[PDB]
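Worksheet for the structure shown next.
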Amino acid sequence: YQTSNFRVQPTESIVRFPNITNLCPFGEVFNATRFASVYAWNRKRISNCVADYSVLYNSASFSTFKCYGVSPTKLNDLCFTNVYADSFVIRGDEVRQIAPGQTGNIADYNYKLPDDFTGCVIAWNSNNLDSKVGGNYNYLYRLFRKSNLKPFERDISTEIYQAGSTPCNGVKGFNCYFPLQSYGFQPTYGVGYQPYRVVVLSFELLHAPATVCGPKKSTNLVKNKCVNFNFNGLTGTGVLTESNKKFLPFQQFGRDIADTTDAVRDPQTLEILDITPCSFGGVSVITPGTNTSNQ
Amino acid sequence: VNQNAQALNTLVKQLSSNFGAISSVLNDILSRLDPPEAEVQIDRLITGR
Amino acid sequence: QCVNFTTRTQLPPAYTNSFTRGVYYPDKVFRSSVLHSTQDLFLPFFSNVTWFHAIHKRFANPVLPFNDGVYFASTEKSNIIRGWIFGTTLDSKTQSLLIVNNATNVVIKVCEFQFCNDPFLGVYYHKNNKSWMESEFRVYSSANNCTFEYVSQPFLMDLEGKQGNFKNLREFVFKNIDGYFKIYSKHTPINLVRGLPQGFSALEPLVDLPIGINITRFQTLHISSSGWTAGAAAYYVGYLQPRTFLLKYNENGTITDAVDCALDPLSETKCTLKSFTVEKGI
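Chains as they are written, first to last, in the authors' numbering: chain G, 313 to 607; chain B, 952 to 1000; chain S, 14 to 69, 77 to 241, 245 to 247, 255 to 312.
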């Protein structure tokens, strides 16, 4: 009689992904010397790249960061179609004005987040760089505007705002003020007026494939044992053994006559291993009658 | 021997059929959809196999 | 620049025959000593493809759809053709694609291109230290709004003059699957006086490009107005169709034979019995 089935359980799990080498300089806007104005904000186009968010978050080398809709540790296994980086310089009291669905001085009239925005906000203290003796008037901001800007809209144009109705042309009259003003940055002021560099990460998801994602962690390789293996294309369980099979340079894995995968090539290094599923079978019980003996 | 070969071969080839699901491999299905939305497609695949 | 060539005459799309052309590796899966049948966009065997050439008063560059997929075949000694023009509107209105070989590597750019009425290339002031390197790029004047960029693997080209029979065959298959642009390439030496040689070869994948832009037409770069003549070159243009081949894998994984299923009534039985040898019977 067959009373059960036995199977060898895997000892551990092995996950190996191809090399992330030849990374793109995604930290250029993070290490940049000088940004543009809050209305002049530049959008960095990142395509066909891999960005490492572990040194950007887990290292805790920056002042603060805030996430929306997704945890910072979930960004390694998740990603969308496109990723953008918006670099601009603001004040301390204007940091809270950057958030989805919130209104403010720079929120409506300069840079606005959509309600469905899934990205993150990154900030750090720039007072040791962006501040200088006598004040830095290079950066400007739009205080007044007649309407509200659409989300992710850039308007660098200059004009003269009119509060009331007056024929102000090239002069400052009654109810006519300059929409653009300069920051009052000085190193002697407290943390509220200290300049902070806020670079918001904008994520875009479309029908196009995702060419920009997080880092890929890999593990050590173990041979001649039953393990759970995932190399970049598939999941499976078996015993890994080096064999004499020869793969063409573009071939990742391979299958047998049953259309089941019998071999896979390491996406990281170059090695060819056959895939043999772990041993199993039925449990057969050899026993005499109950009235004979218990053996 | 050929009819038995065709029967064993058929039984292995049915694992590759999609059976109306997203994919015939269950790990990408469990790793993407939430469990309540996921259970309808896994029940369609178990019943098909 | 504005005016066209005095010898320009659009030729009609004449046909010729191909034998084993259009067989390629559908996926990266390695199978050995088996017969596998797959369904994808294919080039039918014993079909009719366009027969085109250009010399120093025969000039042919028609416009053809890339819709169902297009096959490229180029037989040249020095590998004159650097690349092709790809795009929907073929100008800066929408995104266009250019695969260009600079004689060092393969260059890929997707931008918005301002189209010039008479593109061309050439080398100037080679009197000292020739090297046959590309000097000026006169094909496209400006490029802007680039959404994608890529540089491929390094390849070898020697433009030194040679004698004898044609030493090279370039067989390319370009296709669009769910936005992936799949570049297939095969290079083998042959001995060919004219026409096509008798033999079987499989086309190997180069790169899989995840761009995902729509391309409804394609063109060939003009590389070498009455005193400016075209060089000696020939090319073939096929059309891919959702056909079915029965592939024969050897011990090394290379395809040694292919059977187009719906081509012949014997071949529907070859694909039905899943064998390259049909036993006697009904």
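Beta carbons: idealized from backbone N, C-alpha and C, even for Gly.
In the DSSP assignment, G550/G falls outside any alpha helix (DSSP H) and lies within the beta strand (DSSP E) extending over 547 to 554. The continuous beta strand (DSSP E) containing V130/S extends over residues 126 to 133. Taking each of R509/G, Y365/G, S375/G, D398/G in turn and checking the Cα distance to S383/G, the smallest one comes out for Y365/G. For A575/G, the nearest beta carbon of chain B is not closer than 8 angstroms to its own beta carbon. Residue contact with chain G for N969/B: absent (no Cβ-Cβ distance below 8 angstroms to any residue of chain G). Runs of the alpha helix (DSSP H) spanning 4 or more residues and lying entirely within the segment 321 to 403 of chain G occur at 340 to 343, 366 to 369, in chain order.
Annotation for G999/B: the continuous alpha helix (DSSP H) segment containing it runs 986 to 999. In this structure, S255/S is the residue among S255/S, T286/S, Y145/S with its C-alpha nearest to the C-alpha of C15/S. For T572/G, the C-beta contacts it makes with chain B under 9 angstroms involve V963, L966, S967, in order along the chain. Residue pairing for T240/S: DSSP places it in a beta bridge opposite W104/S. Comparing alpha carbon positions, the residue from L276/S, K129/S, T284/S, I312/S closest to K304/S is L276/S. By DSSP's assignment, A575/G forms a beta bridge with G566/G, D586/G. Membership of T63/S in the beta strand (DSSP E) is indicated by the continuous run 61 to 67. Around the beta carbon of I68/S, a 10 Å sphere encloses fewer than 16 other beta carbons of the protein chains shown; the residue is thus reported as exposed. The three-state reading of DSSP puts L276/S in strand, counting E and B together. In this structure, the alpha-carbon of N164/S lies about 30 angstroms from that of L176/S. Pairing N354/G with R509/G, the inter-Cα distance amounts to about 13 angstroms. Look at the segment 157 to 173 of chain S: the residues with a C-beta under 9 angstroms from a C-beta of chain G are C166, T167, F168, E169, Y170. DSSP places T961/B in the uninterrupted alpha helix (DSSP H) bounded by 953 to 964. Taking 8 angstroms as the upper bound for CB-CB distance, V267/S and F92/S are in contact here, some 7 angstroms apart.
Proximity of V976/B to chain G, defined by a Cβ-Cβ separation below 8 angstroms, is satisfied. Around the CB of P987/B, fewer than 16 other CB atoms lie within 10 Å, so the residue is classed as exposed.
Closer than 8 angstroms to the CB of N960/B there is at least one CB belonging to chain G. Burial check for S316/G: the Cβ neighbour count within 10 Å stays below 16, so the residue is exposed. Its Cα nearest to that of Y501/G, the residue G404/G stands out among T547/G, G404/G, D571/G. For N978/B, the uninterrupted alpha helix (DSSP H) segment begins and ends at 977 to 981.
It is roughly 6 angstroms from the alpha-carbon of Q564/G to the alpha-carbon of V576/G. Linking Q992/B to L962/B through their CA atoms gives a straight-line distance of about 21 angstroms.
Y28/S counts as exposed, since fewer than 16 other C-beta atoms from the protein chains shown sit within 10 angstroms of its C-beta. Boundaries of the beta strand (DSSP E) around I285/S: 285 to 290.
Under the DSSP definition of a beta bridge, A163/S partners with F133/S. Interface residue (Cβ-Cβ distance to chain G less than 8 angstroms): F306/S is not classified as such.
Contact note: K558/G reaches chain S through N282, using a C-beta cutoff of 7 angstroms and chain order.
In the DSSP annotation of this structure, the continuous segment of the alpha helix (DSSP H) that includes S297/S starts and ends at 295 to 303.
Of all residues in the segment 196 to 211 of chain S, those with a C-beta nearer than 9 angstroms to a C-beta of chain G are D198, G199, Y200, reading in chain order.
The C-alpha of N487/G is placed about 58 angstroms away from the C-alpha of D138/S.
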